[PDB]
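A.B. asks: mmCIF, N, CA and C atoms, file run-v9.cif:
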data_entry
#
loop_
_atom_site.label_atom_id
_atom_site.label_comp_id
_atom_site.auth_asym_id
_atom_site.auth_seq_id
_atom_site.Cartn_x
_atom_site.Cartn_y
_atom_site.Cartn_z
N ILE A 205 -25.52 134.13 -28.62
CA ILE A 205 -26.48 134.34 -29.69
C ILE A 205 -27.89 134.28 -29.11
N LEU A 206 -28.75 135.16 -29.61
CA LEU A 206 -30.18 135.10 -29.40
C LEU A 206 -30.84 134.95 -30.76
N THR A 207 -31.57 133.85 -30.96
CA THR A 207 -32.09 133.50 -32.27
C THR A 207 -33.61 133.56 -32.27
N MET A 208 -34.17 134.15 -33.32
CA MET A 208 -35.60 134.34 -33.46
C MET A 208 -36.09 133.67 -34.74
N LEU A 209 -37.41 133.54 -34.84
CA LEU A 209 -38.05 132.84 -35.95
C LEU A 209 -38.72 133.85 -36.87
N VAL A 210 -38.49 133.70 -38.17
CA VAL A 210 -39.03 134.61 -39.18
C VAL A 210 -40.09 133.86 -39.97
N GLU A 211 -41.31 134.38 -39.95
CA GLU A 211 -42.39 133.80 -40.73
C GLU A 211 -42.10 133.98 -42.22
N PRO A 212 -42.43 133.00 -43.05
CA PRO A 212 -42.12 133.12 -44.48
C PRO A 212 -43.04 134.10 -45.19
N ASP A 213 -42.91 134.18 -46.51
CA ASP A 213 -43.75 135.05 -47.32
C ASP A 213 -45.06 134.34 -47.66
N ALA A 214 -45.80 134.88 -48.62
CA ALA A 214 -47.14 134.41 -48.94
C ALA A 214 -47.13 133.38 -50.06
N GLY A 215 -48.08 132.45 -49.98
CA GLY A 215 -48.38 131.54 -51.06
C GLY A 215 -49.56 132.03 -51.88
N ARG A 216 -50.16 131.10 -52.63
CA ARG A 216 -51.31 131.46 -53.44
C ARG A 216 -52.08 130.21 -53.84
N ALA A 217 -53.38 130.39 -54.06
CA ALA A 217 -54.26 129.31 -54.45
C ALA A 217 -54.26 129.14 -55.97
N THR A 218 -55.07 128.21 -56.45
CA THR A 218 -55.17 127.93 -57.87
C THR A 218 -56.63 127.99 -58.30
N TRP A 219 -56.84 128.37 -59.56
CA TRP A 219 -58.17 128.42 -60.14
C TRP A 219 -58.45 127.09 -60.81
N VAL A 220 -59.28 126.27 -60.18
CA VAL A 220 -59.57 124.94 -60.72
C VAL A 220 -60.55 125.08 -61.88
N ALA A 221 -60.42 124.21 -62.86
CA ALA A 221 -61.31 124.24 -64.01
C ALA A 221 -62.65 123.59 -63.66
N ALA A 222 -63.63 123.79 -64.55
CA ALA A 222 -64.94 123.21 -64.33
C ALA A 222 -64.94 121.70 -64.54
N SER A 223 -64.01 121.18 -65.33
CA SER A 223 -63.94 119.74 -65.57
C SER A 223 -63.61 118.98 -64.29
N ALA A 224 -62.68 119.50 -63.49
CA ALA A 224 -62.19 118.80 -62.31
C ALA A 224 -63.15 118.91 -61.13
N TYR A 225 -64.40 119.27 -61.38
CA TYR A 225 -65.37 119.40 -60.29
C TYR A 225 -65.67 118.07 -59.61
N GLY A 226 -65.42 116.95 -60.27
CA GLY A 226 -65.65 115.67 -59.64
C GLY A 226 -64.37 114.91 -59.41
N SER A 227 -63.31 115.31 -60.10
CA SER A 227 -62.04 114.60 -60.03
C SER A 227 -61.27 115.03 -58.78
N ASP A 228 -60.04 114.56 -58.65
CA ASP A 228 -59.25 114.82 -57.45
C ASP A 228 -58.70 116.24 -57.41
N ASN A 229 -58.66 116.93 -58.54
CA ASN A 229 -58.14 118.29 -58.56
C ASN A 229 -59.10 119.30 -57.96
N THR A 230 -60.31 118.88 -57.59
CA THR A 230 -61.27 119.79 -56.99
C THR A 230 -60.72 120.45 -55.73
N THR A 231 -59.79 119.78 -55.05
CA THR A 231 -59.24 120.34 -53.82
C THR A 231 -58.34 121.53 -54.11
N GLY A 232 -57.65 121.52 -55.26
CA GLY A 232 -56.79 122.62 -55.66
C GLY A 232 -55.33 122.20 -55.69
N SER A 233 -54.51 122.93 -54.93
CA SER A 233 -53.08 122.69 -54.86
C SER A 233 -52.61 122.79 -53.42
N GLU A 234 -51.47 122.17 -53.16
CA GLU A 234 -50.86 122.20 -51.84
C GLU A 234 -49.94 123.40 -51.72
N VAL A 235 -50.03 124.10 -50.59
CA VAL A 235 -49.19 125.26 -50.31
C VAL A 235 -48.28 124.93 -49.14
N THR A 236 -46.99 125.20 -49.31
CA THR A 236 -45.99 124.88 -48.29
C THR A 236 -45.27 126.15 -47.89
N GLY A 237 -44.46 126.04 -46.84
CA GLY A 237 -43.63 127.14 -46.41
C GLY A 237 -42.63 126.67 -45.37
N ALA A 238 -41.52 127.40 -45.29
CA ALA A 238 -40.45 127.10 -44.36
C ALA A 238 -40.10 128.34 -43.56
N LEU A 239 -39.88 128.16 -42.26
CA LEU A 239 -39.47 129.27 -41.42
C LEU A 239 -37.98 129.55 -41.59
N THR A 240 -37.55 130.71 -41.11
CA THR A 240 -36.15 131.11 -41.13
C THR A 240 -35.77 131.69 -39.78
N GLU A 241 -34.49 132.06 -39.65
CA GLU A 241 -33.91 132.46 -38.38
C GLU A 241 -33.10 133.74 -38.53
N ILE A 242 -32.92 134.43 -37.41
CA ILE A 242 -32.02 135.58 -37.32
C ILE A 242 -31.19 135.43 -36.06
N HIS A 243 -30.00 136.01 -36.09
CA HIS A 243 -29.06 135.89 -34.99
C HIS A 243 -28.50 137.25 -34.61
N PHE A 244 -28.25 137.43 -33.32
CA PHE A 244 -27.68 138.66 -32.80
C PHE A 244 -26.45 138.34 -31.97
N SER A 245 -25.55 139.32 -31.86
CA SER A 245 -24.33 139.16 -31.09
C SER A 245 -23.98 140.51 -30.46
N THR A 246 -22.89 140.52 -29.70
CA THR A 246 -22.42 141.72 -29.02
C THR A 246 -20.93 141.91 -29.28
N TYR A 247 -20.44 143.09 -28.91
CA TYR A 247 -19.04 143.45 -29.01
C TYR A 247 -18.61 144.12 -27.72
N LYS A 248 -17.33 144.02 -27.40
CA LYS A 248 -16.80 144.54 -26.15
C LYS A 248 -16.12 145.88 -26.37
N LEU A 249 -16.45 146.85 -25.52
CA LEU A 249 -15.81 148.16 -25.52
C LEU A 249 -15.24 148.41 -24.13
N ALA A 250 -13.96 148.78 -24.07
CA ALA A 250 -13.31 148.96 -22.79
C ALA A 250 -12.22 150.01 -22.90
N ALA A 251 -11.88 150.59 -21.75
CA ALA A 251 -10.78 151.55 -21.66
C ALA A 251 -10.23 151.52 -20.24
N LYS A 252 -8.98 151.97 -20.11
CA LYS A 252 -8.27 151.93 -18.84
C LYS A 252 -7.59 153.27 -18.59
N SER A 253 -7.30 153.54 -17.32
CA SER A 253 -6.58 154.75 -16.94
C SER A 253 -5.85 154.51 -15.63
N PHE A 254 -4.77 155.25 -15.43
CA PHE A 254 -3.89 155.06 -14.28
C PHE A 254 -3.70 156.37 -13.53
N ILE A 255 -3.46 156.24 -12.23
CA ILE A 255 -3.10 157.37 -11.37
C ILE A 255 -2.01 156.88 -10.41
N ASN B 162 3.95 166.86 -12.76
CA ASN B 162 4.38 165.48 -12.56
C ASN B 162 4.52 164.76 -13.89
N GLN B 163 3.50 164.88 -14.74
CA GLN B 163 3.56 164.43 -16.13
C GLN B 163 3.90 162.94 -16.22
N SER B 164 3.38 162.16 -15.28
CA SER B 164 3.68 160.74 -15.20
C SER B 164 2.43 159.87 -15.24
N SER B 165 1.33 160.32 -14.66
CA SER B 165 0.09 159.57 -14.70
C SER B 165 -0.67 159.88 -15.99
N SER B 166 -1.93 159.44 -16.03
CA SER B 166 -2.76 159.69 -17.21
C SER B 166 -3.21 161.14 -17.28
N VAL B 167 -3.55 161.74 -16.15
CA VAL B 167 -4.03 163.11 -16.11
C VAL B 167 -2.95 164.00 -15.50
N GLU B 168 -2.88 165.24 -15.98
CA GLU B 168 -1.84 166.17 -15.58
C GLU B 168 -2.46 167.49 -15.13
N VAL B 169 -1.69 168.25 -14.37
CA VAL B 169 -2.12 169.55 -13.89
C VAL B 169 -1.78 170.60 -14.95
N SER B 170 -2.34 171.80 -14.81
CA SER B 170 -2.15 172.83 -15.82
C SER B 170 -0.70 173.29 -15.89
N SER B 171 -0.12 173.64 -14.74
CA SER B 171 1.27 174.06 -14.69
C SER B 171 1.77 173.97 -13.26
N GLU B 172 3.05 174.29 -13.08
CA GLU B 172 3.69 174.18 -11.78
C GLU B 172 3.10 175.14 -10.76
N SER B 173 2.33 176.13 -11.21
CA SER B 173 1.68 177.04 -10.27
C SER B 173 0.69 176.31 -9.39
N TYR B 174 0.08 175.24 -9.89
CA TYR B 174 -0.85 174.44 -9.11
C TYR B 174 -0.17 173.25 -8.44
N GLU B 175 1.13 173.08 -8.62
CA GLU B 175 1.91 172.12 -7.87
C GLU B 175 2.69 172.77 -6.74
N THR B 176 2.48 174.06 -6.50
CA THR B 176 3.31 174.84 -5.60
C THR B 176 2.48 175.43 -4.47
N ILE B 177 3.11 175.59 -3.32
CA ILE B 177 2.52 176.31 -2.19
C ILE B 177 3.35 177.55 -1.95
N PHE B 178 2.70 178.70 -1.94
CA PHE B 178 3.37 179.97 -1.68
C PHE B 178 3.15 180.36 -0.23
N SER B 179 4.23 180.74 0.44
CA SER B 179 4.19 181.07 1.85
C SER B 179 4.41 182.57 2.03
N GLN B 180 3.66 183.15 2.96
CA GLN B 180 3.81 184.56 3.29
C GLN B 180 4.88 184.80 4.34
N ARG B 181 5.80 183.86 4.51
CA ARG B 181 6.86 183.98 5.49
C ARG B 181 8.07 184.66 4.85
N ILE B 182 8.57 185.71 5.50
CA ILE B 182 9.72 186.46 5.02
C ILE B 182 10.86 186.25 6.02
N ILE B 183 12.02 185.86 5.51
CA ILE B 183 13.17 185.57 6.35
C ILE B 183 14.37 186.37 5.85
N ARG B 184 15.23 186.75 6.78
CA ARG B 184 16.37 187.61 6.48
C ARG B 184 17.65 186.94 6.95
N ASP B 185 18.75 187.25 6.27
CA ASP B 185 20.06 186.72 6.61
C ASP B 185 20.61 187.46 7.82
N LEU B 186 21.89 187.25 8.12
CA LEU B 186 22.53 187.95 9.22
C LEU B 186 22.96 189.34 8.79
N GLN B 187 22.71 190.32 9.65
CA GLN B 187 23.02 191.71 9.38
C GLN B 187 24.16 192.19 10.27
N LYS B 188 24.99 193.07 9.73
CA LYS B 188 26.10 193.62 10.49
C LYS B 188 25.59 194.35 11.72
N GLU B 189 26.21 194.07 12.86
CA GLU B 189 25.85 194.73 14.11
C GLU B 189 26.35 196.17 14.11
N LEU B 190 25.62 197.03 14.81
CA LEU B 190 25.94 198.45 14.90
C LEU B 190 26.57 198.73 16.26
N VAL B 191 27.65 199.51 16.26
CA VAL B 191 28.40 199.74 17.49
C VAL B 191 28.55 201.22 17.80
N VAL B 192 29.03 202.00 16.83
CA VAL B 192 29.33 203.40 17.09
C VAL B 192 28.09 204.27 17.11
N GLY B 193 26.96 203.78 16.59
CA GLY B 193 25.78 204.61 16.51
C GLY B 193 25.32 205.15 17.86
N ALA B 194 25.41 204.34 18.90
CA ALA B 194 24.84 204.70 20.19
C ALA B 194 25.78 204.37 21.34
N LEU B 195 27.05 204.75 21.22
CA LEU B 195 27.98 204.57 22.33
C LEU B 195 28.47 205.86 22.95
N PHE B 196 28.22 207.00 22.31
CA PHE B 196 28.61 208.30 22.85
C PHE B 196 27.42 209.01 23.47
N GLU B 197 27.71 209.91 24.40
CA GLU B 197 26.67 210.70 25.02
C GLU B 197 26.15 211.75 24.05
N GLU B 198 24.92 212.20 24.29
CA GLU B 198 24.22 213.10 23.39
C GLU B 198 24.21 214.51 23.98
N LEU B 199 24.46 215.50 23.14
CA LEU B 199 24.52 216.90 23.56
C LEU B 199 23.39 217.67 22.90
N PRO B 200 22.24 217.83 23.55
CA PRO B 200 21.10 218.46 22.89
C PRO B 200 21.34 219.94 22.66
N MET B 201 20.78 220.45 21.56
CA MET B 201 20.91 221.85 21.20
C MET B 201 19.53 222.44 20.93
N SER B 202 19.45 223.76 21.05
CA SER B 202 18.23 224.51 20.77
C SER B 202 18.54 225.75 19.96
N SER B 203 19.61 225.70 19.17
CA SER B 203 20.00 226.81 18.31
C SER B 203 20.92 226.25 17.24
N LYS B 204 21.41 227.14 16.38
CA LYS B 204 22.30 226.70 15.31
C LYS B 204 23.68 226.35 15.85
#
Spell out the structure here as structure tokens.
C.D. replies:
Amino acid sequence: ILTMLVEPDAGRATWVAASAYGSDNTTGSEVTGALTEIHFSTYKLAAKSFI
Amino acid sequence: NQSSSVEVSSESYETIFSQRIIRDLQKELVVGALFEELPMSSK
């Protein structure tokens, strides 16, 4: 196997209200993401002959 | 041959043709040339 890393999709920000300009919500929201993987393999092809 | 994996087209390519011609025993000739010859110059 040969395994590679796949970047995730997109997140998004939040529109904070005017009230939270001094409160803790001024920072907005937390955005997370997780990576993923892909795998590859091979197959065998063969033939024989006689003389 | 028709025994291995690959085969020839036909027996013509499995054969060698020779230009040698041979003959059996032939009867010997005896009376043809045992008498004397009498040449002629007329009928």
A.B. asks: Using only C-alpha atoms, determine which residues of chain A fall within 9 Å of chain B; present them as a list in words.
C.D. replies: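 The answer, sorted by residue number, is residues 253, 254 and 255 of chain A.
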A.B. asks: If you apply the PyMOL selection byres ((chain A and resi 233) around 6.5) to this file, what residues do you get, as a list in words?
C.D. replies: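 What the PyMOL selection byres ((chain A and resi 233) around 6.5) grabs from the file is residues 217, 218, 231, 232, 234 and 235 of chain A.
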A.B. asks: Please identify which residues in chain A DSSP calls strand (DSSP E or B) from the backbone, and express them as a PyMOL selection string.
C.D. replies: chain A and resi 206-210+240-244
A.B. asks: Mind giving me the straight-line distance from atom C of residue 228 in chain A to atom N of residue 216 in chain A in Å, one decimal?
C.D. replies: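 Value for the atom C of residue 228 in chain A-atom N of residue 216 in chain A distance: 17.8 Å.
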A.B. asks: What are the DSSP helix (DSSP H, G or I) residues of chain A, as a compact mmCIF listing (two decimals) with N, CA and C atoms, in the coordinates of the input?
C.D. replies:
# COMPACT_ATOMS: atom_id res chain seq x y z
N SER A 223 -64.01 121.18 -65.33
CA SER A 223 -63.94 119.74 -65.57
C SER A 223 -63.61 118.98 -64.29
N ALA A 224 -62.68 119.50 -63.49
CA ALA A 224 -62.19 118.80 -62.31
C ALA A 224 -63.15 118.91 -61.13
N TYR A 225 -64.40 119.27 -61.38
CA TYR A 225 -65.37 119.40 -60.29
C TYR A 225 -65.67 118.07 -59.61
N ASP A 228 -60.04 114.56 -58.65
CA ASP A 228 -59.25 114.82 -57.45
C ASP A 228 -58.70 116.24 -57.41
N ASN A 229 -58.66 116.93 -58.54
CA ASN A 229 -58.14 118.29 -58.56
C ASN A 229 -59.10 119.30 -57.96
N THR A 230 -60.31 118.88 -57.59
CA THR A 230 -61.27 119.79 -56.99
C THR A 230 -60.72 120.45 -55.73
N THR A 231 -59.79 119.78 -55.05
CA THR A 231 -59.24 120.34 -53.82
C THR A 231 -58.34 121.53 -54.11
A.B. asks: I'd like to see the residues matched by the PyMOL selection byres (((chain A and resi 239 and name CA) around 7) and name CA) on this file, and ideally I'd get them as a list in words.
C.D. replies: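 Written out, the selection comes to residues 209, 210, 211, 212, 237, 238 and 240 of chain A.
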A.B. asks: Could you tell me how far atom C of residue 206 in chain A lies from atom N of residue 250 in chain A, in Å and to one decimal?
C.D. replies: 22.8 Å
A.B. asks: Do you know which residues the PyMOL selection byres (((chain A and resi 205 and name CA) around 10) and name CA) returns on this file, as a ChimeraX atom specification?
C.D. replies: /A:206-208,242-246
A.B. asks: Could you jot down the atom C of residue 214 in chain A to atom N of residue 229 in chain A separation for me, Å, one decimal place?
C.D. replies: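 These two atoms are separated by 21.8 Å.
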